[PDB]
Every structure is written in structure tokens, then in C-alpha cells.
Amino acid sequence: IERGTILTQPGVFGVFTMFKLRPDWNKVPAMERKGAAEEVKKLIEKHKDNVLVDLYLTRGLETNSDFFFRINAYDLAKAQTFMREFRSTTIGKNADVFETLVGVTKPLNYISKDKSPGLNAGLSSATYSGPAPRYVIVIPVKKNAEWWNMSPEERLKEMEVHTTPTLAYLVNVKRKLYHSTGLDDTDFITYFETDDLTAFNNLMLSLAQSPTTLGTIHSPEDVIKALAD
């Protein structure tokens, strides 16, 4: 598993699990809590060849969660095994699952070279340029009957409308699409990274013209350390 490769390929599974710490986490012995970070660190190293692990901090920014994982894997069952084993961890045993989202990466359906070459070239010509992102946004999306009724040609035109004002934001915002229909009770999981939350608000407003999860990006052991305190 190489981070730069797996995050770039079709057919990759994404499993997103949002956790809320149970009230009795405060009652776990401080020493046992202080060992939780290293336990998680070792679990991630144990699964180094199995899955890519991202862990984000939402505590202080979200009412319904304290942290969430994004697991990427070529084999969904490996993602499942990691998540299952995390739940047997000291902190895992003291956290409720708020939300679990399963999706899979796919090739471009609409804005491809063949179907929409102008906007496709814009998609490739745009490259992220600021500092390493501090922030993550996850938004699941379910499309309605009206969307699915539409012809492929009509949906392509709508996706060209989607893509036109959003290309400018790629210098500032990283995006990643996972597809969920049949795998979960949603159609897509949209995933964003940014250092510039004002740009992200402008992006969303450009699009306006679900449950949002906002968190911060850290090493997994730092996230756990922040939750042990």
C-alpha cells in the first residue's frame, strides 16, 4: 500500500466511520487512556500492507462525533478487519459508532476525455497549490428519482454545469469521490481536504447557485492523544 498510488486508483474501497466517545471514557484509568495512542499506532502498523488509514479529529467542532477514520483498501474485507480490530482497542471499546459509510472509487463517468474533453482537460490542468491541508470535509450525497429518471445526456449536461464553476477551487481544495449505491444507504461519499475554509464556503456557495462532517487532519497517534486528555 502506497499512499500516493492507492488514493489515485479506481476500484478502491473507502470506509468512513464516525465515533462518539462514551460518557465512561472519562472513567477509564488515566494510564490506560494514555496507552491508547500507541495501541492504535501498532494496529495501523500491523495492517500496513492491508489498508491505508486516515484518522481525523472532530471533537470541539462537531456535536455528534469526536473522531472519524477513512480507510482505503483494494479489498473491502481488509478495511472491515481493521475497523473491527480498532473497535476492540481501549479507545474503541469506549466509543459508539455514529455513522458508517462504504463506497468505492470509479473512473470518470461524465467529465471524461471522450464525453466532455474541454472540462476534462481543465480537471487535469488544475493542481492543488497551498500548504498541506489542515481540514477535512465529508458529505454523503443521495440523489433523487428525478436525477435517475433523466437521460445520460441530460445528466452529463448537469455534470458539466457542476464542473464549470468548481474547477477554479482545485488550487485550494482537494476532492475525492466514492460511489455508494447498493453498498450503503447513500449514492456518493464526497471527500474534501483544504487549508482554506473560506474557499470551501465559497465553493459550496458556487454550487448552491447533508450531514456535513468537519474535522482536522493529524497523525493518528496525535488524534488519539488529543482524545486521551
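The first residue of the sequence shown is number 1, and the count goes up from there.
Going from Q209 to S210, you skip over 10 or more residues of the deposited sequence that the entry leaves unmodelled. When the two stretches 5 to 13 and 20 to 28 are set side by side, the higher mean Cα temperature factor goes to 20 to 28. Higher mean CA temperature factor, per the PDB entry, when comparing 141 to 149 with 79 to 87: 141 to 149.
Of all the options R70, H179, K176, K34, the entry's greatest CA B-factor is assigned to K34. The PDB entry assigns the greatest CA B-factor among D196, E38, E62, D184 to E38. Per the deposited record, the Cα B-factor of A95 falls in the middle third when ranked against the other modelled residues of its chain.
Residue-level temperature factors show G103 in the lowest third of its chain, judged at the C-alpha atom.
Placement of the Cα temperature factor of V136 within the chain: lowest third of the modelled residues, per the deposited record.
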